[PDB]
Amino acid sequence: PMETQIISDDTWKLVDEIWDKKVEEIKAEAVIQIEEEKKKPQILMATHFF
Amino acid sequence: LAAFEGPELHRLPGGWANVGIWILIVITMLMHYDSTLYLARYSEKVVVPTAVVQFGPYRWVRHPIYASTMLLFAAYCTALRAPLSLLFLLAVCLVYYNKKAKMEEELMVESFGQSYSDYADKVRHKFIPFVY
């Protein structure tokens, strides 16, 4: 053998980071995605007139 | 008070005296619609102005929608022929509307800086053309 180490140990840290960010984003997206209170028409826009 | 003060609806004149009323109505709705169309064109969100507006009614009066709204009531007090109510709405609407104009103006002067400063230097007259 003659080949020493290759790309890095820090690039593995970066790819672990992006893996964890995507996993956490999926985890957050799965459970807090749907919540609805109301969508009422805003047809008394008083800040234009009153 | 305007309905109380004004003469009875059959005693108020017609003919060529009711043609000025139509003129006031149409000029009011032109000024207000122009002011609204100029104000709402530059805002990305519902009320978030991206830039400083200085066109049309904005090159005459710094707060044109407000002036147009009061001019609507002024023409209304002219319609039933009650000038005293016209003066009283002048007082009260001017007071409240100047308060809100001061709050809005200080906000957007803080948020914009020199642009609205030189714009207000260009048009000092805040509500009525060269009256106030």
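Up top you'll find the structure we're talking about.
(A) Up close: the side chain of B:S43. Residue and element names in this part refer to chain B. Structurally, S43 is set in the loop between α2 (19-41) and α3 (64-79). On the basis of relative accessibility, which here comes to 17%, the residue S43 falls in the buried class. Looking at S43, its side chain comes within polar contact range of the main-chain oxygen of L39, at 3.5 Å. Among the polar contacts listed, one links the side chain of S43 to the backbone oxygen of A40, at a separation of 3.2 Å. In this structure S43 touches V48, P49 and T50, once residues within four positions along its chain are discounted.

(B) Looking closely at the nonpolar core. All names here are of chain B. Core analysis: the biggest nonpolar cluster contains seven residues, these being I65, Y66, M70, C93, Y97, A101 and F127. Elements supplying a minimum of two residues to this core: α3 and α4 (83-112). Those residues within four positions of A101 in sequence are excluded, and the remaining contacts are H63 and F127. If you look at the next biggest cluster of nonpolar residues, it comprises six residues, including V52, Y58, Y116 and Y119.

(C) Spatial organisation of the environment of B:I21. Residues and elements named next belong to chain B. Here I21 lies in helix α2. Through-space distance from the C-alpha of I21 to that of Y76 is 8.8 Å; in sequence the pair is 55 residues apart. Residues contacting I21, with those up to four places away along its chain left out, are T78, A79 and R81.

(D) A look at the interface of chain A and chain B. Counting from both sides, the interface comprises five residues of chain A and, opposite them, eight residues of chain B. Between chain A and chain B, a total of about 540 Å² is buried, with carbon and sulfur atoms accounting for 48% of that surface. Of all residues in chain A, A:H48, A:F49 and A:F50 bury the most surface against chain B, accounting for 74% of the area lost on that side. Inspection of the region where chain A meets chain B yields zero salt bridges. Taken together, chain A and chain B are joined by two residue pairs in polar contact. Each residue belonging to the side of chain A that touches chain B can be placed in one class, and the counts come to three nonpolar, two polar and no charged.

(E) Inspection of the packing of α2(B) against α3(B) at higher detail. All names here are of chain B. Where α2 contacts α3, the axes come no closer than 9 Å and their chain directions differ by 165 degrees. It follows from the interaxial angle that α2 and α3 lie roughly antiparallel. Like other packed secondary-structure pairs, α2 and α3 cross with a definite hand, here left-handed. Within the contact between the two elements, α2 uses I21, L24, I27, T28, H32, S35, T36 and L39 and α3 uses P64, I65, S68, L71, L72, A75, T78 and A79. Each residue belonging to the contact of α2 with α3 can be placed in one class, and the counts come to ten nonpolar, six polar and no charged.

So, how was this worked out
Residues numbered from 1 in each chain as written, not as in the entry; some residues may be left out. Chains lettered and ligands numbered in written order. Part of a larger assembly, values for the part shown. Heavy atoms only, no water. Helix = DSSP H or I, 4+ residues; strand = E, 2+ residues; numbered from the N terminus. Buried < 20%, exposed > 50% of the residue type's maximum accessible area, 1.4 Å probe, protein only. Polar contact = N/O pair within 3.5 Å; in protein donor to acceptor, adjacent residues only side chain to side chain. Contact = heavy atoms within 4.5 Å. Core = buried A, V, L, I, M, F, W, Y, C linked by side-chain atoms within 4.5 Å. Buried area = accessible area lost by both parts, 1.4 Å probe. Salt bridge = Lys/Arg side-chain N within 4 Å of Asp/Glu carboxyl O. Nonpolar A, V, L, I, M, F, W, Y, C, P; charged D, E, K, R; others polar. Axes fitted to C-alpha atoms, helices over the stretch in contact; angles between N-to-C directions. Parallel < 35°, antiparallel > 145°, perpendicular 65-115°, else oblique. Left-handed = near helix turned anticlockwise from the far one by under 90°.

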